[PDB]
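As structure tokens, the structure follows; a few thoughts come after it.
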Amino acid sequence: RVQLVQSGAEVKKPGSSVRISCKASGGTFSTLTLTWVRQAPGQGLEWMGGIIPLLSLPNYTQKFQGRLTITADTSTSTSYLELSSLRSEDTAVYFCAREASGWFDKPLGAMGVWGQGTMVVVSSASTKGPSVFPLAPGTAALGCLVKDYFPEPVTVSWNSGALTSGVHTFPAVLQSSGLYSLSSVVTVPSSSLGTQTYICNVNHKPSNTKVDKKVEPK
Amino acid sequence: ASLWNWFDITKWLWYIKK
Amino acid sequence: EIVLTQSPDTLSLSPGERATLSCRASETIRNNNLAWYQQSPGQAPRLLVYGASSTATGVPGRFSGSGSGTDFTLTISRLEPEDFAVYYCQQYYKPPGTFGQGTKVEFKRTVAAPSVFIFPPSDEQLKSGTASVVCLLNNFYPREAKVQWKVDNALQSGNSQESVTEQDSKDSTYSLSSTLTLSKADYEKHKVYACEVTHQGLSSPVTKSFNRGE
């Protein structure tokens, strides 16, 4: 029914600012609250602030007062968030949400309609393809270390997809350098190390990089 | 007073118009 | 500012069982302006209950909320597989709005000790100026685990990062990888590199180590 469509993902250097938009398809907008909520990777939801568009009346949690601005446009049913002086802790998914409506048209306070989210990554890094390092090995473990790439994502396969059972590809971590790093491992029979070649295939579309790395015993 | 409460303003706008 | 504390942090149950989630506030929520939300991985939150006890339209009938004052409860009368997700309580009584820290509903299972593996850095990475040591914990349950890096019997702090997979949909286990990153010079200075693992399934801490040189 009513849907909130948010703008696309952003990459911002530290110290800069980001502006994201949220447009409602239809329904009541001017007399219902519109709140912004963010979620850092792996953590919980954080209520940042909201606005009552008809009154142009915002409300911010004290943590963000000075860096956060929330505005609204009633003619187009659009709200804008602006966050300045960006730091690495601001890397998160930012959600737009509209107040739920009740029995008659009574505002219910809770957030009933949610946007799809906008991802904001705060990093000083430029686009870089990954370096792929071997994790050398009656069960043996082996894998590849996909280190120092930007941005997400990276796809990883093994033996051109013929090896799927026992593979664990871990979610990437954002290091202090502003670059991502992940590991992909697989468990194989120890007797197979001498006669079975194991190759990890890595794709990084943002840099148009394909890598194949043979992993062999020490 | 719930009057000054930002979370209650949309409820008051709905009651005032009705 | 009103602080909301949810409990427990992780609820481990099976489909068909009853789930009872708690949310306690630092201040009386006098008009019951308390809501519950559900969130699945990679999706936006969804409103379940508003006004402490009013289930939102379209939300299945197995979800219901109760409580007043400072103690509130979300009950899922009979868990379905899609109900295994994270749940948040939120107050909209006094600004600012605040969420609880979240409660995860995971699949119940018997305790399983991890298989522990350690990987020294490759020569290709060493000849680039950095050294990464990887400690792998494979197919364990529950998710909580303690991994300690020790270099020449010295506890490491502030130079490691770990990642955990989602619960496996076939056997309900987790896997974890911890990565210790040093400069090539610091790596070449020491000899013994060890990762110590404490887990509920382990009778005593497990240590996998290697000497830089073998």
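Naming scheme: A, B, ... for chains in displayed order of the structure tokens; residues 1 onward per chain; ligands 1 onward as shown.
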- Shell of 10 Å around residue 190 (chain C), only C-alpha atoms, local chain residues under 6 positions omitted, as a ChimeraX atom specification: /C:151-152,211-212
Using only C-alpha atoms and a distance of at most 6 Å, pull out the residues of chain C that contact chain A, as a compact mmCIF listing (two decimals) with N, CA, C and O atoms, in the first residue's frame.
```txt
# COMPACT_ATOMS: atom_id res chain seq x y z
N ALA C 44 14.19 -4.60 6.42
CA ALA C 44 13.80 -3.52 7.31
C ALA C 44 12.97 -4.07 8.47
O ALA C 44 12.34 -5.12 8.35
N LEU C 47 6.67 -3.57 12.24
CA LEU C 47 5.90 -3.35 13.47
C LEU C 47 5.04 -4.56 13.78
O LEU C 47 4.32 -5.06 12.91
N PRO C 96 13.88 11.61 23.92
CA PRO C 96 13.92 11.00 22.59
C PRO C 96 13.36 9.58 22.56
O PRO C 96 13.27 8.94 23.61
N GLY C 97 12.98 9.10 21.38
CA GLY C 97 12.67 7.69 21.24
C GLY C 97 13.90 6.83 21.50
O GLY C 97 15.03 7.23 21.21
N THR C 98 13.68 5.65 22.06
CA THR C 98 14.77 4.75 22.40
C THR C 98 14.34 3.31 22.15
O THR C 98 13.19 2.95 22.40
N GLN C 101 18.07 -3.21 23.32
CA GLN C 101 19.24 -3.69 22.59
C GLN C 101 18.95 -4.88 21.70
O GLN C 101 19.83 -5.29 20.93
N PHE C 119 46.20 -20.99 11.08
CA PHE C 119 46.86 -20.82 9.79
C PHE C 119 47.92 -19.74 9.92
O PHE C 119 47.58 -18.57 10.20
N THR C 165 29.51 -16.74 11.18
CA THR C 165 28.48 -17.05 10.20
C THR C 165 27.10 -17.05 10.84
O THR C 165 26.95 -17.09 12.07
```
- Query: Could you list, as JSON, numbers by chain, every residue of chain C that has an atom within 7 Å of an atom of chain B, counting only C-alpha atoms?
  - Reply: {"C": [92, 93, 94, 95]}
- Using only C-alpha atoms, determine which residues of chain A fall within 8 Å of chain B; present them as a PyMOL selection string. chain A and resi 31-33+52+59+105-109
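Picture a line from CA of residue 28 (chain A) to CA of residue 40 (chain C); it runs 27.5 Å.
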